[PDB]
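Residue numbers (the authors' numbering), protein chains in the order written: chain C, 1 to 85, 96 to 222; chain C', 1 to 85, 96 to 222; chain C'', 1 to 85, 96 to 222; chain D, 12 to 85, 96 to 220; chain A, 12 to 85, 96 to 220. A prime marks a further copy of an entry chain. The beta carbon of each residue, even a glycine, is placed where N, CA and C say it ideally should be. Okay, so here's the structure we're looking at.
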Amino acid sequence: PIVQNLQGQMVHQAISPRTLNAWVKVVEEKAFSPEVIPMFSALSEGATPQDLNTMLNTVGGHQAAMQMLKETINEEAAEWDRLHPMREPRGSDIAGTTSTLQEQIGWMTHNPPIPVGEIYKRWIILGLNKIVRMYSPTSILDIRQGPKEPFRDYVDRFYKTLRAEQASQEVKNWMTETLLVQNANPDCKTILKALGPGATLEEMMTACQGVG
Amino acid sequence: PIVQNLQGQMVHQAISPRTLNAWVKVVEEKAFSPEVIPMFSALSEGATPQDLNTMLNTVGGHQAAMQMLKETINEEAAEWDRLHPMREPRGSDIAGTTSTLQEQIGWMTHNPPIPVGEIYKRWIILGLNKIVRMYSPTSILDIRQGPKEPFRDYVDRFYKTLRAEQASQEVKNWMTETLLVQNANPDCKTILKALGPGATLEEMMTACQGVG
Amino acid sequence: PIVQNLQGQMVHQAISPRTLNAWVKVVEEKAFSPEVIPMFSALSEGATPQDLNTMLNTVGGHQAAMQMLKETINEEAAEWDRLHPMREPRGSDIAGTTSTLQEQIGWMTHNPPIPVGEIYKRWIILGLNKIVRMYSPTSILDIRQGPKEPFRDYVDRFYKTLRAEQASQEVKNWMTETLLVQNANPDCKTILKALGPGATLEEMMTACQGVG
Amino acid sequence: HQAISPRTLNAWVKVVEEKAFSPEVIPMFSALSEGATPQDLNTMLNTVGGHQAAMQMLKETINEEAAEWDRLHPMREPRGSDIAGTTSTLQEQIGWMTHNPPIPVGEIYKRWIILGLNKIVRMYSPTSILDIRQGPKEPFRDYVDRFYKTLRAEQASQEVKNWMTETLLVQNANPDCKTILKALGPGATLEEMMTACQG
Amino acid sequence: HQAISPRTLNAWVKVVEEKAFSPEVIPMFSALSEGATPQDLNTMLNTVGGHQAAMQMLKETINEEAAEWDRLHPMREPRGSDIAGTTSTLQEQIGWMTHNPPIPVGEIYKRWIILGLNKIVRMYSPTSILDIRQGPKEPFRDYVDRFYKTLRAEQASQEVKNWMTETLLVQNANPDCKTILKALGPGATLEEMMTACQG
């Protein structure tokens with residue numbers, strides 16, 4: 001992180017141990033559920049490349065996830081160097107392996123701020139999105155409401171799987187509009203189709219409140 | 001947040017990573033149970049509009065909840081601009107999208123304090139109340155004591171659903187007075203009606219202690 | 001830990017009580033699952049030998065784990081003294107039993123930094139790896155997919171046991187490549203073998219999504 | 012201006028009657044109505060004998076589109102009725118195409134008719150694409166032909182159709198073919214898919 | 012510019028439906044689509060009712076060829102999609118066809134479609150060549166016709182097909198004519214082969 005000293009000069013602030021422990025708990029217990037990405041974003045707010053590499057070290061227990069995260073980081077660094085051929099931050103500098111700590115702090119504290127931390131964070135988020143896409147327990151087409159399950163639980167599962175799938179935005183809109191209604195159980199499906207097309211999710215949940 | 005510097009001049013204090021992680025856990029695990037609103041109020045004490053937008057970013061995983069929260073924020077900003085046509099905070103300024111950080115700190119630190127953080131917080135709380143109202147698993151009329159369930163558990167469920175429903179206050183009073191007694195199981199319902207009308211909840215719980 | 005004073009001179013920072021409580025929870029609840037090692041690494045970031053001994057004291061509830069950790073520490077200290085016959099840190103100094111606190115801070119704050127904390131941490135990590143290797147509930151050859159279990163759960167179990175086993179890296183690669191396919195259930199195993207050899211884990215998980 | 016040919020009109024009538032309403036009616040109508048005027052279009056629509064319910068849908072959709080056009084817009098310029106040809110002379114219809122520069126009155130009405138026909142064929146498709154699934158013994162060839170006909174009739178966005186082709190074709194198939202298709206794995210072509218799945 | 016004739020489109024759909032995807036479909040398409048612009052070709056393909064699996068193979072092959080064209084060749098120059106007619110306008114296609122030197126987008130698209138149709142026919146060959154064989158009483162005049170129809174469907178290389186005609190034909194022949202072919206011996210033309218086989 002970054003914080004002002006007593007006089008005011010910006011200086012690197014070490015990431016606290018309990019934050020890293022929380023991130024380790026997130027990596028281990030959750031098994032790369034779709035909820036990790038918001039948790040990673042929260043636990044890494046203001047992170048520099050050194051801190052992000054510290055988090056990646058804990059990620060590195062899983063060989064496959066670590067390998068794909070490294071591959072996506074390398075690819076995005078190559079893209080950055082392709083687009084953009096204290097020195098200007100290169101791809102490896104954004105990756106926090108060649109650039110030193112002081113260069114990172116200077117880049118983040120520059121006027122205007124060079125968002126090295128944020129760009130590296132978004133690369134990591136893309137890699138984590140891919141990893142999450144692997145570990146989705148089932149595809150969206152397999153989510154089906156049970157004979158007795160409440161509509162709220164089915165919608166929760168459907169939207170979780172939708173976050174996992176990471177399709178195109180228009181595809182997601184069509185999915186929520188049509189596939190949600192299609193896969194519902196018959197007793198609910200009658201009411202959903204009677205509501206008609208273009209029904210907002212608020213109408214859908216209110217109409218089917220406790221039908222099961 | 002806001003905190004005095006070493007000399008004493010007010011300056012923005014960044015929201016800690018672990019607080020945002022806790023808020024993410026609240027958004028994800030709880031599935032918008034009625035308990036989120038107190039937890040949101042606690043986790044966002046002293047929040048500025050920038051911090052509240054930071055929390056909203058984590059909320060933004062859910063498309064429907066994020067959409068309705070944005071819609072309520074826009075509506076309340078329009079209401080604010082309608083009522084009230096460093097510059098005075100406009101609706102978008104309260105929303106923390108046009109106003110800069112320093113303007114927010116100045117507004118909160120003004121004499122008298124302009125409660126930009128609190129008004130934005132209450133708008134967010136209204137939106138979250140609506141979202142919670144969607145995700146209520148069952149309506150209040152479906153809560154019914156089981157044949158063996160203790161009275162304390164039934165009352166807990168009833169009051170949770172009452173918090174979820176968000177009806178008029180007089181309607182809530184009538185509901186607690188009459189509907190609670192009506193839906194109780196027959197063995198308890200005999201004692202509840204024998205207690206008579208206008209019985210305080212303390213009398214109701216003490217009388218039916220361990221009846222089931 | 002280590003942190004700059006108000007003037008800037010480096011001084012020892014005490015390990016917070018809540019960090020030690022979290023480490024105690026990790027030692028007790030987890031029962032030396034493979035996830036402890038990342039959690040230990042996170043909770044002990046920047047630790048000096050005195051802090052590491054403080055953590056070891058909480059570890060010392062378990063007689064066998066404490067004994068083996070002490071034995072590995074002594075062995076690695078003997079190796080350090082063998083390789084390398096304020097004074098230079100001896101093996102017992104790295105162990106944080108002969109060296110005083112101020113010598114440790116001076117070593118860590120030296121130019122270049124003497125990584126006494128990190129070397130002691132890696133010795134502790136080797137000992138914890140051995141302890142974890144004892145407490146593995148089953149060997150890798152016993153992990154077998156169930157008739158109905160999803161492929162994601164089976165892969166999670168397999169990689170957890172692989173982390174526990176701690177074999178040679180090439181052995182691990184062969185294990186993930188062949189033994190994972192061999193032990194899968196027949197309905198999945200058909201698809202895995204149809205995918206052919208040299209299939210990346212991404213292909214394996216995507217192909218067998220929801221087959222069970 | 013030239014009169015519509017009896018051969019063309021008979022072809023339109025016979026294809027509509029024979030095909031009832033299948034997705035190829037849209038390209039057939041577009042081909043046979045090449046550069047036609049609103050009077051010719053109305054002739055082609057009214058000439059259809061059967062499927063008067065479908066013709067009612069088409070007229071209702073034309074009226075709705077005309078109302079929207081009138082909402083968007085209050096030689097004399099054309100209103101929705103003028104575009105639909107209900108209140109336009111043949112000379113008036115020739116105008117707005119003979120006008121320099123012309124405003125394509127015929128093409129707008131053709132687009133409205135195409136929207137109505139898309140709705141009609143979507144209604145006339147006997148099953149939904151998500152409900153299309155393989156029989157226990159149906160050939161994979163017949164399954165995929167039915168699936169792609171239904172997908173053609175679906176009237177959805179193009180990216181949605183691409184995802185549909187990528188996923189539901191493999192997914193909705195029976196387990197016997199599903200095993201072979203998964204063994205082929207993603208990124209394969211339909212040609213490879215059927216050639217492998219011949220048995 | 013003149014649009015495709017309704018008689019031509021009706022003939023095309025008629026022959027496609029009646030013949031299925033037999034080998035003659037390719038030359039028939041080449042005949043009917045002479046000088047046809049990409050818009051006309053797209054209409055010609057879209058109007059086909061049924062065989063949507065075949066139309067999907069055709070679309071996929073067109074997309075692959077368009078990608079190859081775009082890779083090889085990076096008014097505005099025509100792209101692969103423009104040749105395919107999905108993106109480029111009718112006027113743009115007409116201008117490209119009229120330009121000197123010409124960019125015959127029609128001919129390139131026709132060649133791509135011919136490739137796709139060849140692949141489709143090779144898929145659609147009902148029985149492999151090795152399976153065809155003379156019956157106990159089937160005349161040689163019909164057995165050889167079946168054999169050569171299938172051989173045209175298979176679309177193997179000429180070097181293979183020489184051996185196929187030389188050996189597989191005589192091998193699969195019925196026992197009565199097998200002896201006659203063997204006696205007649207190698208270096209034989211089809212006229213000799215049949216004219217030695219009657220009865």
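Smallest Cα separation from residue i: which of the options?
i: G106 of chain C''; options: C'':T19, C'':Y169, C'':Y130 and C'':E212; result: C'':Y130
i: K25 of chain D; options: D:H12, D:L56, D:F168 and D:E175; result: D:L56
i: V3 of chain C'; options: C':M39, C':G116, C':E28 and C':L189; result: C':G116
i: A194 of chain A; options: A:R173, A:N183, A:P160 and A:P207; result: A:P160
i: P34 of chain C''; options: C'':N139, C'':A47, C'':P49 and C'':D81; result: C'':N139
i: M39 of chain C'; options: C':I135, C':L172, C':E180 and C':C218; result: C':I135
i: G46 of chain C'; options: C':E187, C':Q112, C':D197 and C':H12; result: C':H12
i: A217 of chain C; options: C':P85, C':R167 and C':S149; result: C':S149
i: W133 of chain C'; options: C':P49, C':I153 and C':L189; result: C':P49
i: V165 of chain A; options: A:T108, A:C198, A:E180 and A:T110; result: A:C198
Residue i touches chain C at which residues, Cβ-Cβ below 8 Å?
i: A22 of chain C''; result: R18 and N21
What number of angstroms, rounded off, separates the C-alpha of residue i from the C-alpha of residue j?
i: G101 of chain A; j: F32 of chain A; result: 26 Å
i: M68 of chain A; j: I141 of chain A; result: 7 Å
i: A77 of chain C; j: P125 of chain C; result: 14 Å
i: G156 of chain C; j: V191 of chain C; result: 13 Å
i: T210 of chain C; j: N21 of chain A; result: 46 Å
i: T200 of chain D; j: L205 of chain C''; result: 11 Å
i: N74 of chain A; j: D81 of chain A; result: 10 Å
i: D51 of chain C'; j: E29 of chain C'; result: 21 Å
i: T19 of chain D; j: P17 of chain A; result: 7 Å
i: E213 of chain C; j: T58 of chain A; result: 41 Å
i: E175 of chain C'; j: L83 of chain C; result: 53 Å
With DSSP as the reference, label residue i as helix, strand or coil.
i: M55 of chain C; result: helix
i: residue 224 of chain C''; result: With chain C'' covering 1 to 222 only, the question about residue 224 of chain C'' has no answer from this structure.
i: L111 of chain C; result: helix
i: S16 of chain C''; result: coil
i: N121 of chain C'; result: coil
i: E79 of chain A; result: helix
i: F32 of chain A; result: coil
i: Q63 of chain C'; result: helix
i: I104 of chain C'; result: helix
i: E45 of chain D; result: coil
i: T72 of chain C''; result: helix
i: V221 of chain C; result: coil
Considering just the uninterrupted stretch of the alpha helix (DSSP H) at residue i, what are its terminal residues?
i: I141 of chain C; result: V126 to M144
i: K199 of chain C; result: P196 to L205
i: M214 of chain D; result: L211 to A217
i: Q176 of chain C'; result: Here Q176 of chain C' belongs to no alpha helix (DSSP H), and DSSP marks it neither H nor E.
i: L190 of chain C; result: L190 to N193
Kindly indicate the opening and closing residues of the beta strand (DSSP E) around residue i.
i: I2 of chain C; result: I2 to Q4
i: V11 of chain C; result: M10 to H12
Give the residues of chain A in contact with residue i, contact being defined as C-beta atoms less than 8 Å apart.
i: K30 of chain D; result: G60
Please list, in chain order, the chain C residues whose beta carbon lies closer than 7 Å to that of residue i.
i: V181 of chain D; result: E180, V181 and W184
i: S149 of chain C'; result: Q219 and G220
Can you list the residues of chain B that residue i reaches, using a CB-CB cut of under 8 Å?
i: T108 of chain A; result: Looking at the structure shown, chain B is missing, and the protein chains on hand are C, C', C'', D and A.
For residue i, go through chain A and note every residue whose CB falls closer than 7 Å to its CB, in chain order.
i: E45 of chain D; result: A14
i: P38 of chain D; result: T54, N57 and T58
Going along chain C'' in order, which residues have a C-beta closer than 9 Å to the C-beta of residue i?
i: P207 of chain D; result: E213, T216 and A217
Name the chain D residues that come within less than 9 Å of residue i, Cβ to Cβ?
i: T200 of chain C''; result: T200 and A204
Residues of chain C with CB under 9 Å from residue i, in chain order?
i: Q192 of chain D; result: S149, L151 and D152
Note down, in chain order, every chain C' residue with its Cβ under 8 Å from the Cβ of residue i.
i: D166 of chain C; result: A31
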